[PDB]
Amino acid sequence: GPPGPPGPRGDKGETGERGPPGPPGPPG
Amino acid sequence: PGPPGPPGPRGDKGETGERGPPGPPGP
Amino acid sequence: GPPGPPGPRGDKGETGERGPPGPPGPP
């Protein structure tokens, strides 16, 4: 018979890593 | 008609977030 | 008929959140 239709799109990827910590503030 | 295909592969991991801002001024 | 092909790869993940604020500056 004719081929089946395509499967559904895959799941969305995992969330990216949180950014790294900011540098120290200005001297006081 | 054949059966529907299986689900596609999972997407790529997202981009890393930006570095945080500078801390507050010192004392 | 033959099974359908696998579906397409999923979308890219969300970008990570901004990092935390830095520590206080020097005195």
Side-chain angles (χ1 to χ4, degrees):
Chain A
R9 181 171 309 275
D11 294 346
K12 192 171 165 189
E14 69 168 293
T15 304
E17 290 298 333
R18 179 191 51 191
Chain B
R10 183 167 195 174
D12 294 347
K13 183 174 181 178
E15 169 190 12
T16 304
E18 70 266 35
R19 184 172 301 274
Chain C
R9 183 176 308 274
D11 296 331
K12 187 185 191 41
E14 53 169 346
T15 303
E17 288 201 318
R18 177 169 296 172

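Reckoned from all heavy atoms, side chains included, excluding hydrogens, waters and symmetry mates. Chain A is the first sequence line, chain B the second, and so forth, proteins listed ahead of strands; every chain is numbered from 1.
- Scanning both residues, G17(B) and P20(A), for their nearest heavy atoms gives O-CD, 3.9 Å.
- A pairwise comparison of heavy atoms in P5(A) and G2(B) identifies CD-O, 4.0 Å as the closest pair.
- Among residues at least two apart or in separate chains, salt bridge (charged side-chain N to carboxylate O under 4.0 Å, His left out) pairs with a member in residues 5-23 of chain C are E18(B)-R18(C).
- Between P26(A) and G23(B), the shortest heavy-atom distance links the atoms CD-O, 3.7 Å.
- When all heavy atoms of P24(C) and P24(A) are compared, the closest pair comes out as O-CB, 4.4 Å.
- In plain terms, the two heavy atoms of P8(C) and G7(A) that are nearest each other are CD-O, 4.0 Å.
- Across every non-hydrogen atom of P3(B) and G1(C), the tightest pair is CD-O, 4.0 Å.
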